[PDB]
$ cat protein30.cif   # mmCIF, C-alpha atoms and all ligand atoms
data_target
loop_
_atom_site.label_atom_id
_atom_site.label_comp_id
_atom_site.auth_asym_id
_atom_site.auth_seq_id
_atom_site.Cartn_x
_atom_site.Cartn_y
_atom_site.Cartn_z
CA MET A 1 0.17 25.47 -13.54
CA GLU A 2 0.96 22.76 -10.95
CA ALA A 3 1.73 19.13 -11.78
CA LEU A 4 1.84 16.04 -9.58
CA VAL A 5 4.58 13.52 -10.35
CA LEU A 6 4.37 10.20 -8.54
CA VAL A 7 7.73 8.53 -8.33
CA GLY A 8 8.44 4.86 -7.66
CA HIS A 9 11.44 2.53 -7.32
CA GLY A 10 10.87 0.31 -10.36
CA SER A 11 11.23 -3.46 -10.53
CA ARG A 12 12.35 -6.11 -12.98
CA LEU A 13 8.91 -7.58 -12.29
CA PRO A 14 5.97 -5.45 -13.57
CA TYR A 15 4.02 -5.19 -10.30
CA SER A 16 5.69 -2.02 -9.08
CA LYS A 17 4.84 -0.01 -12.22
CA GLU A 18 1.28 -1.39 -12.26
CA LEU A 19 0.95 -0.01 -8.69
CA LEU A 20 2.15 3.46 -9.64
CA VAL A 21 -0.17 3.42 -12.58
CA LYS A 22 -3.26 2.41 -10.60
CA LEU A 23 -2.27 5.06 -8.08
CA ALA A 24 -2.14 7.75 -10.75
CA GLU A 25 -5.48 6.56 -12.15
CA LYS A 26 -7.09 6.86 -8.73
CA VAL A 27 -5.82 10.38 -8.09
CA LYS A 28 -6.93 11.38 -11.60
CA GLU A 29 -10.40 10.11 -10.57
CA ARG A 30 -10.44 12.68 -7.76
CA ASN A 31 -9.95 15.70 -10.05
CA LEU A 32 -7.54 17.65 -7.82
CA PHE A 33 -4.58 18.30 -10.11
CA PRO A 34 -4.41 19.65 -13.71
CA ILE A 35 -1.53 17.33 -14.65
CA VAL A 36 -0.62 13.94 -13.15
CA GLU A 37 2.44 11.95 -14.22
CA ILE A 38 4.47 8.90 -13.09
CA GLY A 39 8.19 8.05 -13.28
CA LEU A 40 10.21 5.05 -12.13
CA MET A 41 13.72 5.35 -10.78
CA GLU A 42 15.12 2.11 -12.33
CA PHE A 43 14.22 -0.64 -14.87
CA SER A 44 11.06 0.80 -16.31
CA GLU A 45 9.73 3.66 -18.40
CA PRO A 46 8.65 6.35 -17.92
CA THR A 47 11.77 7.46 -16.10
CA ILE A 48 11.73 10.26 -13.53
CA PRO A 49 13.34 12.91 -15.81
CA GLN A 50 11.01 11.81 -18.62
CA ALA A 51 7.96 12.31 -16.37
CA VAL A 52 9.24 15.66 -15.17
CA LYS A 53 9.83 16.84 -18.76
CA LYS A 54 6.42 15.55 -19.85
CA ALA A 55 4.92 17.67 -17.03
CA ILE A 56 6.72 20.89 -18.05
CA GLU A 57 5.79 20.33 -21.70
CA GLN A 58 2.12 20.46 -20.64
CA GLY A 59 2.79 23.89 -19.09
CA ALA A 60 3.47 23.35 -15.42
CA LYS A 61 5.51 25.85 -13.47
CA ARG A 62 5.28 24.14 -10.08
CA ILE A 63 6.09 20.44 -10.09
CA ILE A 64 5.02 18.44 -7.03
CA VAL A 65 7.08 15.26 -6.80
CA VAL A 66 5.80 12.71 -4.30
CA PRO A 67 8.06 9.69 -3.53
CA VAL A 68 5.67 6.71 -3.26
CA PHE A 69 7.96 4.87 -0.85
CA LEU A 70 7.25 3.75 2.72
CA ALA A 71 10.47 5.03 4.28
CA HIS A 72 13.39 7.29 3.53
CA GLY A 73 16.41 5.56 2.04
CA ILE A 74 19.27 6.22 -0.33
CA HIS A 75 16.76 6.35 -3.18
CA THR A 76 14.73 9.11 -1.54
CA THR A 77 17.65 11.15 -0.11
CA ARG A 78 20.37 10.82 -2.80
CA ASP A 79 19.31 9.41 -6.17
CA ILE A 80 15.96 11.14 -6.58
CA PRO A 81 16.95 14.66 -5.37
CA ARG A 82 19.96 14.26 -7.68
CA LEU A 83 17.78 13.27 -10.67
CA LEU A 84 15.65 16.40 -10.06
CA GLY A 85 18.95 18.33 -9.79
CA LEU A 86 18.23 19.51 -6.24
CA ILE A 87 21.71 18.32 -5.20
CA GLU A 88 23.77 18.13 -8.39
CA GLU A 113 18.23 20.60 -17.20
CA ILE A 114 14.96 22.37 -16.22
CA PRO A 115 13.71 25.89 -17.22
CA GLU A 116 15.03 28.46 -14.73
CA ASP A 117 11.48 29.68 -14.03
CA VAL A 118 10.17 26.27 -12.92
CA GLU A 119 10.42 24.94 -9.35
CA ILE A 120 10.42 21.29 -8.35
CA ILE A 121 8.79 20.66 -4.95
CA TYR A 122 10.15 17.46 -3.42
CA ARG A 123 7.69 15.96 -0.98
CA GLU A 124 7.88 13.46 1.87
CA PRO A 125 7.35 9.64 1.75
CA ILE A 126 4.39 7.75 3.20
CA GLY A 127 5.98 7.09 6.61
CA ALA A 128 4.30 5.61 9.71
CA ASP A 129 0.88 6.99 8.93
CA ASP A 130 -2.16 5.76 10.86
CA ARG A 131 -3.87 4.78 7.60
CA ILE A 132 -0.98 2.38 6.95
CA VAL A 133 -1.64 0.65 10.26
CA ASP A 134 -5.29 0.40 9.17
CA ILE A 135 -4.13 -1.17 5.91
CA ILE A 136 -1.75 -3.55 7.66
CA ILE A 137 -4.51 -4.70 10.02
CA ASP A 138 -6.80 -5.46 7.05
CA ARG A 139 -3.97 -7.37 5.38
CA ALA A 140 -3.45 -9.49 8.50
CA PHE A 141 -7.12 -10.54 8.23
CA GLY A 142 -6.92 -11.47 4.55
CA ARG A 143 -9.21 -8.51 3.83
CA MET B 1 -2.14 -18.52 19.85
CA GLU B 2 -1.78 -16.20 16.82
CA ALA B 3 1.13 -13.83 16.20
CA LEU B 4 1.52 -10.89 13.82
CA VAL B 5 4.95 -10.52 12.22
CA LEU B 6 5.57 -7.34 10.28
CA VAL B 7 8.26 -7.81 7.70
CA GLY B 8 10.25 -5.05 6.04
CA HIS B 9 13.06 -4.67 3.46
CA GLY B 10 15.80 -3.15 5.64
CA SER B 11 18.26 -0.42 4.62
CA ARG B 12 21.77 0.69 5.36
CA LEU B 13 20.13 3.85 6.68
CA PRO B 14 18.06 3.43 9.90
CA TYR B 15 14.85 5.03 8.63
CA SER B 16 13.31 1.83 7.30
CA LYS B 17 13.61 -0.04 10.61
CA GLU B 18 12.35 2.97 12.58
CA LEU B 19 9.24 2.81 10.33
CA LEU B 20 8.64 -0.87 11.02
CA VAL B 21 9.09 -0.21 14.68
CA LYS B 22 6.66 2.70 14.83
CA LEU B 23 4.23 0.57 12.84
CA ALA B 24 4.48 -2.28 15.35
CA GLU B 25 4.07 0.17 18.23
CA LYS B 26 0.89 1.55 16.70
CA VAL B 27 -0.69 -1.85 16.16
CA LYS B 28 0.30 -2.89 19.70
CA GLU B 29 -1.58 0.24 20.86
CA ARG B 30 -4.75 -1.08 19.17
CA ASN B 31 -4.82 -4.30 21.25
CA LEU B 32 -5.82 -6.71 18.45
CA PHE B 33 -3.09 -9.35 18.63
CA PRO B 34 -1.52 -11.37 21.50
CA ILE B 35 1.98 -11.18 19.99
CA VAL B 36 3.43 -8.60 17.59
CA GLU B 37 6.93 -8.87 16.16
CA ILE B 38 9.08 -7.27 13.43
CA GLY B 39 11.78 -8.67 11.12
CA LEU B 40 13.89 -7.09 8.38
CA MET B 41 14.93 -8.96 5.27
CA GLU B 42 18.46 -7.47 5.01
CA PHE B 43 20.96 -5.17 6.79
CA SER B 44 19.23 -5.09 10.13
CA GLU B 45 18.16 -6.99 13.18
CA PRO B 46 15.81 -8.49 14.01
CA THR B 47 15.90 -10.73 10.96
CA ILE B 48 12.79 -12.43 9.59
CA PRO B 49 13.68 -15.94 10.93
CA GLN B 50 14.63 -14.37 14.26
CA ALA B 51 11.21 -12.66 14.51
CA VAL B 52 9.41 -15.84 13.52
CA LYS B 53 11.31 -17.86 16.16
CA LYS B 54 10.71 -15.18 18.80
CA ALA B 55 6.98 -15.50 18.00
CA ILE B 56 6.89 -19.29 18.38
CA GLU B 57 8.87 -19.08 21.63
CA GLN B 58 6.01 -16.97 23.05
CA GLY B 59 3.61 -19.80 22.14
CA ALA B 60 2.09 -18.96 18.79
CA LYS B 61 0.73 -21.70 16.59
CA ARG B 62 -0.58 -19.47 13.80
CA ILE B 63 1.91 -16.89 12.56
CA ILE B 64 0.51 -14.05 10.42
CA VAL B 65 3.30 -12.55 8.34
CA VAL B 66 2.43 -9.26 6.67
CA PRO B 67 4.94 -7.88 4.09
CA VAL B 68 5.04 -4.11 4.71
CA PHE B 69 5.90 -3.35 1.08
CA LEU B 70 3.93 -1.31 -1.47
CA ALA B 71 4.11 -3.80 -4.33
CA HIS B 72 5.01 -7.39 -5.07
CA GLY B 73 8.57 -7.98 -6.20
CA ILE B 74 11.44 -10.42 -5.85
CA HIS B 75 11.56 -9.84 -2.12
CA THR B 76 7.89 -10.65 -1.59
CA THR B 77 7.62 -13.58 -4.04
CA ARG B 78 10.99 -15.38 -3.70
CA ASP B 79 13.21 -14.36 -0.77
CA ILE B 80 10.56 -14.02 1.94
CA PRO B 81 8.48 -17.15 1.15
CA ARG B 82 11.85 -18.95 0.99
CA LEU B 83 12.94 -17.62 4.40
CA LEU B 84 9.62 -18.86 5.88
CA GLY B 85 10.33 -22.17 4.10
CA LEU B 86 7.06 -21.95 2.15
CA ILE B 87 8.81 -22.94 -1.08
CA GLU B 88 12.44 -23.88 -0.30
CA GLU B 113 13.23 -24.56 11.48
CA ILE B 114 9.44 -24.54 12.00
CA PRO B 115 7.69 -27.06 14.33
CA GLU B 116 5.43 -29.22 12.13
CA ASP B 117 2.39 -28.15 14.19
CA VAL B 118 2.84 -24.44 13.42
CA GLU B 119 1.51 -22.75 10.28
CA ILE B 120 2.88 -19.59 8.76
CA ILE B 121 0.22 -17.50 7.01
CA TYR B 122 1.85 -15.30 4.38
CA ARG B 123 -0.23 -12.22 3.69
CA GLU B 124 -0.49 -9.72 0.86
CA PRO B 125 1.37 -6.36 0.48
CA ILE B 126 -0.22 -2.93 0.75
CA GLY B 127 -0.98 -2.51 -2.98
CA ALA B 128 -3.05 0.25 -4.65
CA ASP B 129 -5.36 0.80 -1.71
CA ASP B 130 -7.60 3.88 -1.65
CA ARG B 131 -6.11 4.90 1.71
CA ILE B 132 -2.73 5.15 -0.02
CA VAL B 133 -4.18 7.61 -2.50
CA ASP B 134 -5.51 9.56 0.50
CA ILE B 135 -2.00 9.54 1.96
CA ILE B 136 -0.38 10.53 -1.34
CA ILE B 137 -2.78 13.46 -1.72
CA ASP B 138 -1.89 14.70 1.78
CA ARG B 139 1.80 14.39 0.91
CA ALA B 140 1.33 16.49 -2.23
CA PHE B 141 -0.04 19.29 0.00
CA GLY B 142 2.83 19.13 2.49
CA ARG B 143 0.35 17.79 5.06
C1 LIG C 201 15.78 -6.87 -6.59
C2 LIG C 201 16.38 -5.49 -6.37
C3 LIG C 201 16.61 -4.79 -7.73
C4 LIG C 201 17.35 -3.49 -7.49
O1 LIG C 201 16.70 -2.52 -7.05
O2 LIG C 201 18.58 -3.43 -7.68
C5 LIG C 201 15.59 -4.57 -5.46
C6 LIG C 201 14.29 -4.35 -5.57
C7 LIG C 201 13.43 -3.48 -4.74
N1 LIG C 201 13.88 -2.83 -3.66
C8 LIG C 201 12.78 -2.18 -3.22
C9 LIG C 201 12.77 -1.34 -2.04
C10 LIG C 201 13.93 -0.81 -1.34
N2 LIG C 201 15.17 -1.07 -1.79
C11 LIG C 201 15.91 -0.41 -0.88
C12 LIG C 201 17.37 -0.44 -1.01
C13 LIG C 201 18.05 -1.36 -1.67
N3 LIG C 201 17.62 -2.38 -2.40
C14 LIG C 201 18.67 -2.86 -3.08
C15 LIG C 201 18.66 -3.69 -4.12
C16 LIG C 201 17.50 -4.35 -4.69
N4 LIG C 201 16.32 -3.97 -4.53
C17 LIG C 201 17.69 -5.53 -5.60
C18 LIG C 201 17.91 -6.80 -4.80
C19 LIG C 201 19.21 -7.47 -5.20
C20 LIG C 201 19.21 -8.71 -4.35
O3 LIG C 201 18.92 -8.68 -3.12
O4 LIG C 201 19.49 -9.75 -4.95
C21 LIG C 201 20.00 -2.30 -2.65
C22 LIG C 201 20.87 -3.36 -1.99
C23 LIG C 201 20.75 -1.73 -3.86
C24 LIG C 201 20.07 -0.50 -4.42
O5 LIG C 201 18.80 -0.38 -4.43
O6 LIG C 201 20.84 0.36 -4.90
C25 LIG C 201 19.54 -1.22 -1.70
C26 LIG C 201 20.14 -1.29 -0.30
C27 LIG C 201 20.75 0.04 0.10
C28 LIG C 201 21.83 0.46 -0.88
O7 LIG C 201 21.62 0.50 -2.12
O8 LIG C 201 22.92 0.80 -0.37
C29 LIG C 201 15.19 0.33 0.20
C30 LIG C 201 15.75 1.15 1.35
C31 LIG C 201 16.72 2.21 0.85
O9 LIG C 201 16.50 2.71 -0.28
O10 LIG C 201 17.71 2.54 1.57
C32 LIG C 201 13.80 0.04 -0.12
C33 LIG C 201 12.56 0.50 0.61
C34 LIG C 201 11.40 0.70 -0.37
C35 LIG C 201 10.22 1.32 0.34
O11 LIG C 201 10.47 1.78 1.49
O12 LIG C 201 9.09 1.35 -0.23
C36 LIG C 201 11.52 -2.40 -3.98
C37 LIG C 201 10.16 -1.82 -3.72
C38 LIG C 201 9.88 -1.80 -2.22
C39 LIG C 201 8.42 -1.49 -1.99
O13 LIG C 201 7.64 -1.74 -2.94
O14 LIG C 201 8.04 -1.01 -0.88
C40 LIG C 201 11.98 -3.30 -5.04
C41 LIG C 201 11.17 -3.92 -6.16
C42 LIG C 201 11.47 -5.41 -6.23
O15 LIG C 201 11.93 -5.99 -5.21
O16 LIG C 201 11.26 -6.02 -7.31
NI NI C 202 16.88 0.10 -4.90
NI NI C 203 16.15 -5.29 -2.10
#

$ encode --input "protein30.cif" --output "structure tokens"
Amino acid sequence: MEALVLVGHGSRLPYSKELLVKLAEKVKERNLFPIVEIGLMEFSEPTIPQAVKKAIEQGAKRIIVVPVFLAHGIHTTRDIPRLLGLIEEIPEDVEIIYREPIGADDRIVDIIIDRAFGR
Amino acid sequence: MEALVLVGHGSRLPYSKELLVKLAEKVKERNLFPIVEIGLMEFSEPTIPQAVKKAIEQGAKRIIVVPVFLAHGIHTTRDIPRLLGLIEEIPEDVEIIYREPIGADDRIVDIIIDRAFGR
């Protein structure tokens, strides 16, 4: 009934998509959502609209899109809302819920500190 | 003796730099490092080389550079190591230690899950 779509930038290198994929795997491991899908903005497949369609086709009425990005930018404020047609398609009776990026979360400062220490 | 330099992409929007800055503030608040500096790759000041010089000028011999990026890409594997002259202005008796990005860390999946729930 609800689907989680993780959305990433995309890269010409593969690392970015690997990251999204490992992220999806890990949230799958927590058994919280019925459907869990990924989409990249540029370069790679699946694309965002592809992932959104794939989610609807599995019978989701409420689509939770999380931008896996540290900050807001043009990607998160123009391109992506556009691609989900929240600015400029999708069954009338389906709502896309566009969430917030990671931001300056305490857990990020934990992660950064670990990274400083080669841990 | 050791300095932490947080390094970010930069955007034409301000959000990115705000993020770096809030991150620096938070790690400053944890009193773990003598010196804590930020640099953006493009669009904004301070720049990476500026932040590195600012760190040396405060008497740091070991400079810990953490790329605040989710994944590896061109920025983290070419441009930044280049800018720190690790592949091709640094006193010979100073070492730059180039750390790892955030990656698919469990704490990120925690954060993502929170974001799905509008928390
Ligand atoms: C290689 C390249 C390929 C390409 O994307 O074209 C690339 C790659 C990546 N960017 C990433 C991150 C961001 N990129 C932006 C913004 C811009 N990045 C741009 C270009 C390029 N970015 C190409 C370099 C061409 C060159 O320098 O030679 C601009 C100029 C053009 C544009 O993107 O349209 C645009 C400036 C604003 C504008 O467009 O006006 C923002 C901020 C924002 O969005 O405002 C973030 C924050 C991300 C975050 O916060 O997480 C990540 C993952 C970052 C991560 O993992 O954290 C990758 C992956 C990788 O580097 O391989
Ligand atoms: Ni981009
Ligand atoms: Ni870039």

$ residues_near_ligand --input "protein30.cif" --ligand "ligand NI 203 (chain C)" --cutoff "12 Å" --atoms "all atoms listed in the file" --output "list in words"
residues 9, 10, 11, 12, 73 and 75 of chain A; 8, 9, 10, 11, 12, 40, 41, 42, 43, 69, 72, 73, 74, 75, 76, 78, 79 and 80 of chain B

$ atom_distance --input "protein30.cif" --atom1 "atom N2 of ligand LIG 201 (chain C)" --atom2 "atom CA of residue 71 of chain A"
9.8 Å

$ interface_residues --input "protein30.cif" --of "chain B" --to "chain A" --cutoff "8 Å" --atoms "all atoms listed in the file" --output "VMD selection string"
chain B and resid 4 11 to 13 15 to 16 19 to 20 22 to 23 26 to 27 64 to 66 68 to 74 123 to 133 135 to 137 139 to 140 142

$ closest_residue --input "protein30.cif" --among "B:29, B:113, B:62, B:77" --to "ligand LIG 201 (chain C)" --atoms "only C-alpha atoms and all ligand atoms"
B:77

$ atom_distance --input "protein30.cif" --atom1 "atom CA of residue 59 of chain B" --atom2 "atom CA of residue 116 of chain B"
13.9 Å
